[PDB]
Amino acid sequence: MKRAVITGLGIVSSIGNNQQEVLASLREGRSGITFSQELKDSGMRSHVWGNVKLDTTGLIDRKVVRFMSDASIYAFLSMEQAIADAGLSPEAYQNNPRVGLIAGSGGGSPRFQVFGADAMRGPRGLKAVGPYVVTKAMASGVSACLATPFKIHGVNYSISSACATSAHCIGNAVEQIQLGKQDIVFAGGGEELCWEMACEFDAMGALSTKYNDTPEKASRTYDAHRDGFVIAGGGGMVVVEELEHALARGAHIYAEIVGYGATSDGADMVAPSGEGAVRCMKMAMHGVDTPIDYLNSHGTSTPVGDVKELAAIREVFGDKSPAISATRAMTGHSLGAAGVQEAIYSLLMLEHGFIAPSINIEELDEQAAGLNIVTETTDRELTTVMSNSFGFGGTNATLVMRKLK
C-alpha cells in the first residue's frame, strides 16, 4: 500500500511560536513554564503553566476567528505555518477532495462552555450567550474551525483520546493515505490553557503543586522529586502526504511515518497499565528494519506514570534501549496538542541531528536504571525516532518516524 511522509510542520507552544523558536528552545533546554496569576486567583494549588506567549490579536480574520476557541486559534496558526513550510498554495490544497484534515483537542473549550452557561444564567440569557458558542465549545471545534476557512474538501473530523489525541490524529491521517483515500491530510490539534479546565486536573491531584515559587523547575520528569505535571496549552499541525505525490512535487520530506501503534489498556481510568504501552510500541516498530535512535517519552512528570512507561520501555527494548528524553520537562503537558507537538520536537531532532535534554532531573529515579536518559543537548545523527502518547482511559498511541532513503 501507500507510504506516508511529513512534508511540512507548524507549531505554537510554550517554548516557541514556530519551529525556529521551538528549535532554539529545545537546543538550549529552555523552559516554557511560568507563574500563572490566573491559576492562583482561581483557587488552584498548582500555580504554574506552559503558556503560549503570543499576542494573537489580528492574526486571524475576524469573520474566521469569531467562531474559534483558543484550541482552534492555536491549531489554525500552526496549520498556516505548516501549509507554507510544505510549499503548498491554495490551488493545490483548497477545494480538493483528496486533501483532508484530522485535528482535535482533549477538552474542547471548557472556557467557552463555561462562558456560555455563565452568560445564559445572567439577565440577558441567550442574547448574552451569542451565536458563536457552539463552534468554540463542541469537541470537534478544532477540525470544524480549520476545515471551513482552509476550504478542505476531503476528510474532516476530530479524534480525541486525551493526551494521545493529536498522535491518533496523525496516525489516522496515515491510514487515510494507506487506504488510498487522500493524497494529503493535515493532522494535529490544539488545546486552550485555562483555569476552567486546569482545575479539573488539580482536583484530581494530577498537577505539580510544590514548585510554585520556582516555575521552571515544576515539570521534572524522571526526577525523584516530581509531584505531578505542569499543564500547558498550544497547537501543532503536520502535513501528512502520500509519498509519490510528495516526490512528484519536489516537497521537502522531513520523514516517513513508518509505524503507528494504537492500543488500549482495558485496566485503569487514570494510571497506565504498561502492558498496553508495550503492545503499542511494538505495533509501531513492527516491520521497521532500523533501530530506534531516540524516543520522546510520554513521561508527564508523575510518580507512577513515569515509572510505568520506563518499565514498558525496558520490556520492549531490554538492554538495547534508545536515547530518551522527556521534553515535557521544559514544555509542560499540552494534553490534546501534546502528540503532534512531540512528533514535531522529534522531527526537529531528526532533522537537525540532535537530542534535546530531559531537564530538571536533580536526582534520577531508581526506575530509570538500565536506560539512557539524555540530560544534556546532544548532537547525534538520528535516523529513526519514536514518540509515545498515553492518555486517560488507558488509550495509547506511538508514532515511528524515519529519514527517507
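The first residue of the sequence shown is number 1, and the count goes up from there.
Mean Cα B factor from the PDB record: higher for 333 to 341, or higher for 376 to 384? Result: 376 to 384.
Mean CA B-factor: is it higher for 321 to 329 or for 174 to 182? Looking at the record's C-alpha B-factors, the answer is 321 to 329.
In the PDB entry, which of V65, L350, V48, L26 has its C-alpha at the highest B-factor? Result of the comparison over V65, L350, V48, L26: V48.
Residue selected from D85, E196, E241, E315 by maximal Cα B factor: The listed residue with the largest C-alpha B-factor is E315.
Ranked by Cα temperature factor within the chain, is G391 in the lowest third, the middle third or the highest third? It falls in the middle third of the chain.
Tell me, lowest, middle or highest third: where does the Cα B factor of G107 rank within its chain? Answer is middle: the recorded C-alpha B-factor places it there.
Could you say whether, by C-alpha temperature factor, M237 belongs to the lowest, middle or highest third of its chain? Bottom third by C-alpha B-factor.
Test of reading the entry: by CA B factor among the chain's modelled residues, which third contains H153? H153: CA B-factor falls in the lowest third of its chain.
Within-chain third of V258 by Cα B-factor, per the entry: Its C-alpha B-factor belongs to the lowest third of this chain's values.
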